[PDB]
2 protein chains.
Amino acid sequence: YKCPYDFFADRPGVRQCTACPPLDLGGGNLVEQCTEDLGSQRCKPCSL
Amino acid sequence: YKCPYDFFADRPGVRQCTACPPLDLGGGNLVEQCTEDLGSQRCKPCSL
């Protein structure tokens, strides 16, 4: 199955997509990360 | 004077600072841009 919208996977043979992790751009700042397309393997900061 | 907190200027001799422009990613979506310090000559996306 394609990974869901906010989930991603990198290793080819995998058993579960992992939720996108909040990117930390410094000290104590966490920006939520969300993928653009449905079946994706990388997380963008989902404010942009 | 230093440029205000969300304004910027790059040319040396300027009579007024210019507001940071929004960043265009596509159709009908604009990411507003802020400035990191007080007197600065470049704007970055205000989310990150």
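- The deposited coordinates derive from cryo-EM, with the record listing a resolution of 3 Å.

- Identification of chain A as Mst1 from Chlamydomonas reinhardtii is taken from the PDB entry.

**Let's talk about the interface of chain B and chain A**
Size of an interface: often given as the accessible area lost when the parts come together.
1) Next: Opposite the 4 residues of chain B that make contact, chain A presents 4 residues.
2) Next: Interface of chain B and chain A: buried area, both sides summed, is about 390 Å²; carbon and sulfur atoms make up 72% of it.
3) Next: For the chain B face of the interface with chain A, the top three residues by lost area are B:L25, B:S47 and B:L48, together amounting to 82%.
4) Next: Run the count over chain B and chain A and you get 0 salt bridges.
5) Next: Our enumeration of links across chain B and chain A arrives at 1 residue pair in polar contact.
6) Next: Residue composition of the side of chain B that touches chain A, by class: 3 nonpolar, 1 polar and no charged.

**Concerning the pairing of strand β3 (residues 23-26) of chain B**
Both faces of the sheet carry side chains from a regular strand, because those side chains alternate between them.
1) Next: Judged from the 3 bridges that link them, β3(B) and strand β4 (residues 29-31) of chain B form a sheet pairing that is antiparallel. Of the residues in β4(B), the one forming a bridge with B:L23 is B:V31.

**Here's the deal with the relation of the copies chain B and chain A**
1) Next: The operation relating chain B to chain A is a screw motion whose rotation component is 179°, with 0.1 Å of axial translation and a residual RMSD of 0.6 Å. The superposition operator between the copies reduces to a two-fold rotation axis. Distance from the rotation axis, computed per C-alpha, reaches its smallest value in chain B at B:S47: 3.2 Å.
2) Next: Interface overlap between copies: 100% of the residues of chain B at the interface are likewise at the interface in chain A, consistent with a symmetric, same-surface contact.

**Focus on the state of the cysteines**
All names here are of chain A.
1) Next: The tally for this structure, following the rule as stated, stands at 6 disulfides over all chains.
2) Next: Across a sulfur-sulfur distance of 2.0 Å, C3 and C17 are joined as a disulfide pair. One quick way to see it: the torsion about the S-S bond of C3 and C17 is about -105°, and its sign makes the bridge left-handed. Pair noted here: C3 is in the segment before β1 (7-8) and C17 is in the loop between β1 and β2 (18-19), with a separation of 14 residues, a long-range link.
3) Next: Within chain A, bonded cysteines paired by disulfides and numbered along the sequence follow the pattern 1-2, 3-5, 4-6.

Parameters and conventions
- Residues numbered from 1 in each chain as written, not as in the entry; some residues may be left out.
- Chains lettered and ligands numbered in written order.
- Part of a larger assembly, values for the part shown.
- Heavy atoms only, no water.
- Contact = heavy atoms within 4.5 Å.
- Buried area = accessible area lost by both parts, 1.4 Å probe.
- Salt bridge = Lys/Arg side-chain N within 4 Å of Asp/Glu carboxyl O.
- Polar contact = N/O pair within 3.5 Å; in protein donor to acceptor, adjacent residues only side chain to side chain.
- Nonpolar A, V, L, I, M, F, W, Y, C, P; charged D, E, K, R; others polar.
- Pairing = 2+ DSSP bridges.
- Helix = DSSP H or I, 4+ residues; strand = E, 2+ residues; numbered from the N terminus.
- Least-squares fit on C-alpha atoms.
- Disulfide = S-S within 2.5 Å.

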